[PDB]
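**Student:**
Residue numbers (the deposited numbering): 1 to 206.
Take a look at the structure:
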């Protein structure tokens with residue numbers, strides 16, 4: 001069913017979220033299980049995601065091994081990411097595992113290292129966000145990034161492998177708040193059809 005405004009629910013067992021600030025328009029259509037499609041037009045910032053929200057009490061190791069099998073028809077006109085996305089609390093952390101992008105490879109900082117995983121190479125990045133909107137109000141928090149060296153819009157993302165690698169370069173993780181397959185748009189238009197999206201925990205689908 002159709003979402004065109006900030007809305008936070010559950011659909012076919014996947015937690016979904018549509019979030020946009022002021023200006024432009026967006027349409028998220030909710031489909032089977034993890035799938036969805038998105039259209040956005042002249043937005044500042046928009047996020048469409050479908051994944052799992054957590055109760056905020058366990059670390060990633062406790063939650064188990066996570067892996068995402070997805071496929072997407074990704075068509076950005078401008079700045080947009082296709083990625084696994086989410087947060088930890090304590091420390092507050094916003095994180096991105098980016099598999100494809102529009103005209104600009106994020107996040108424009110200095111790579112701290114690389115992980116090679118799922119058939120490709122990812123540069124790793126840490127950035128700082130100072131008094132910014134967050135899930136826990138206006139806060140100061142870090143962003144962790146793994147950004148693929150070349151664009152890909154289907155395959156497996158071994159989410160936990162990334163986390164291990166982040167902790168290994170001393171980028172510590174808090175307690176799981178969310179992991180989700182995300183389309184994010186910045187000052188762009190475009191559309192994305194996420195025809196496939198299965199989150200597995202310990203080999204266990206959703």
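Even for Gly, the Cβ is constructed at its ideal location relative to N, Cα and C.
Mind checking whether residue 47 and residue 87 have CB atoms under 9 Å apart?
**Tutor:** Here residue 47 corresponds to residue number 47 of the chain shown, with the count starting at 1. Here residue 87 corresponds to residue number 87 of the chain shown, with the count starting at 1. No, these two residues do not count as a Cβ contact at 9 Å.
**Student:** For my contact list, residue 66 and residue 199 are in at a C-beta cut-off of 8 Å; report their separation, rounded to the angstrom.
**Tutor:** Here residue 66 refers to the residue found at position 66 of the chain shown. Here residue 199 refers to the residue found at position 199 of the chain shown. Residue 66 to residue 199, Cβ: 7 Å. Contact.
**Student:** Is residue 12 near residue 34, with beta carbons less than 9 Å apart?
**Tutor:** The sequence position of residue 12 within the chain shown is 12, counting from 1. The sequence position of residue 34 within the chain shown is 34, counting from 1. The answer is yes: Cβ separation under 9 Å.
**Student:** Based on Cα-Cα distance, which residue from 141, 138, 163 lies nearest to residue 122?
**Tutor:** Counted from its first residue, the chain shown places residue 122 at position 122. Comparing Cα positions, the closest option is 163.
**Student:** Can you tell me which of the three DSSP states residue 166 falls into?
**Tutor:** For the purposes of this step, residue 166 is identified with residue 166 of the chain shown, where counting begins at 1. Helix, per DSSP.
**Student:** Just mark residue 137 as buried or exposed, buried being the case when its beta carbon has 16 or more other beta carbons within 10 Å.
**Tutor:** One-based indexing of the chain shown puts residue 137 at position 137. With fewer than 16 Cβ atoms within 10 Å of its Cβ, residue 137 is classed as exposed.
**Student:** Considering only the beta carbon of each residue, do residue 125 and residue 146 sit closer than 9 Å?
**Tutor:** Taking the first residue of the chain shown as 1, we reach residue 125 at position 125. Taking the first residue of the chain shown as 1, we reach residue 146 at position 146. Cβ distance < 9 Å, so residue 125 and residue 146 count as in contact.
**Student:** Start and end of the beta strand (DSSP E) containing residue 143?
**Tutor:** Along the chain shown, read from residue 1 onward, the residue named residue 143 stands at position 143. Run containing residue 143: 139-148, per the beta strand (DSSP E) assignment.
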